[PDB]
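What follows are structure tokens for two forms of the same protein chain, given separately as structure 1 and structure 2.
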Structure 1
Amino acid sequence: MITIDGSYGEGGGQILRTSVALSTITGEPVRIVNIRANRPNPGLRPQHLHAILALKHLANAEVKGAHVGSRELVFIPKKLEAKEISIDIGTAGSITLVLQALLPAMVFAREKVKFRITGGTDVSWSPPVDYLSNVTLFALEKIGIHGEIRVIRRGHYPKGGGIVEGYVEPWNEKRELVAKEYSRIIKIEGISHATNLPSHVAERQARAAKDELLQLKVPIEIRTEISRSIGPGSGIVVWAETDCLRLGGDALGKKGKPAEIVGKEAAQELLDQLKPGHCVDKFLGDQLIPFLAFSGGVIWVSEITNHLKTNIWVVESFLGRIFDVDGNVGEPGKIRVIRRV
């Protein structure tokens, strides 16, 4: 069967998540070894098990080695069938990382797939959920995918308490994405949230981000959201709407980090993403990879990330050579789908 080396490259959870997703899509069983080698705490942790179990449910799969601390996993899918998914990730485990994996699988079911996921909506080392709703879905629509991703309640580190609900439709009509350079920025929009914290936190984040983006000379509208959950947290995402795709930048609130810095950092990230003039930002760059194998097309990315390289590695391990890549990790890049499947 297809065997994936979990120590390849960046060697973390990404290779694990994408591999099971591809197994689920292709129907080909997969063995993953050396799980999370490049980490202080190697092996399967509870967060990874929730993702694995969700996909197992979707694919009626047999699974072996799916235990906390395990370094090796075998996943044998059966037919993919639209089921209602409920996932309670522990504490502030990232909803968006689970969702990034689930999305490409779910759109290959024959009927609408609804989901509810609890955990962290806005945690470090992953995209904020508002990025998925407003940037990722916007891009997926271009290739024929339709869905919703809604924040019912925010969850931050460490307490969690987040609730996300949504659905995707079956990907029946696939079309290619051709997204090289953008021509112009049309407008900036964003969402600045504060949870169990004073409303001035959301305001000051939004104001600082806006100030930092005035230089682009386009309208800027950053909505504020003040909400309730089981712990304090804040964050902001801003996105540039271009003639092609949206590019995004984000930052998370942190105890002892003033709200102005958080807002400025999100703006600076967006500015960094926009700099090369390429259509696809660094986050969307990895997220698109599993879909592009099936839609076809070409994307130019502001920055090639390890996750993008990891995703290509996995998809090609399942499907043969698919992608031509021009550029090194950390540089702007060009990704062409040579052969659509």
Structure 2
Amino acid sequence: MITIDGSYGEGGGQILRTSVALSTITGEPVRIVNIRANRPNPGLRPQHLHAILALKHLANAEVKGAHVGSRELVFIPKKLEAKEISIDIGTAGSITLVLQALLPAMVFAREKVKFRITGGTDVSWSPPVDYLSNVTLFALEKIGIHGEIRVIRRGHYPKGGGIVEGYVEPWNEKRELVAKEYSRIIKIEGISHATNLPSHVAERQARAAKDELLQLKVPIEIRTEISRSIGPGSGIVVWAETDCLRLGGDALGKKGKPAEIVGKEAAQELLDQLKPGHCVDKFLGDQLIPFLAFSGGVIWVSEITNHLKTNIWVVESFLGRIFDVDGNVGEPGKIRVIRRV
């Protein structure tokens, strides 16, 4: 079987996620060693563990080393079959990153797959769920992927208790993505939420973001959501609707962090992503990699990151040569699929 070195490049959880997803899709067994070497708390966390267990269910796999703290995992898949997914991470572990592991596998399963996942919806160092549903899925629709991601209940660090449900359809009609430069920003949209917190938190995040985005000279409409869960939390995502794809920026609240700073951060992130004039923001750039191998096409990104380069390396470890990358890490770049599988 193939062995993937989890200390390579970015050295994070994405190496593990992409590996197990591609093992599940291709049927090739995989061993990942040095899991999350380049992270403060190496080895599997609950998020990774439950992602692995769900893929294990879908592919009826044999798994070795699947425990919290493990730096090594062996994943030997059998047949990929559509089954209903139900996952309780048990912590504030990232639902969106669990979905990042699952999505590529679920859409290759030949029948619709429904999922329900509990954990964190809006937690550090991961996509907020509103980013995944409004930016990532929007781009995925363009290559023929159809599904739905619904937030039933928010969950924040540390208690979690968030609930997300949805489904994807089998990816039967694949279409290439061509996303180079945008020529027009049509408008800015967003969702500012606050959970178990005063409603002015959501309103102030939105107002501060709007302030920073006035310079773009386009309409701005940021919806506010007041909700309840088992603990306090807040967050905001904003995105630019362009003539091509949506680019996003986002930020999270925490105790003592002013709502205004939250909103300002998310807006400034969006502004940074727009500056180069490329269609794909730096987060989506890395998230699209496993899908582009099968869809073909070309994306120009605002910034080539180590995440993106590491994801390419994992994908090519399984599928062979796929991509040509024009540009350096930390700068805008161009990623062409020069061989579709």
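Every residue number counts along structure 1's sequence, beginning with 1. Take the two forms, superpose them, and find the largest set of C-alpha atoms that agree within 1.5 Å; that set is the rigid core.
Once the core is superposed between structure 1 and structure 2, every option in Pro29, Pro276, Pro42, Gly297 stays below 2 Å in C-alpha shift except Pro42.
Core-superposed comparison between structure 1 and structure 2: the Cα of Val68 travels 2 Å or more.
Core-aligned Cα shift between structure 1 and structure 2 at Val314: this is 0.8 Å. In this core superposition, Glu331 moves its Cα by 1.4 Å between structure 1 and structure 2. CA movement of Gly90 between structure 1 and structure 2 equals 2.4 Å, with the two forms superposed on the rigid core.
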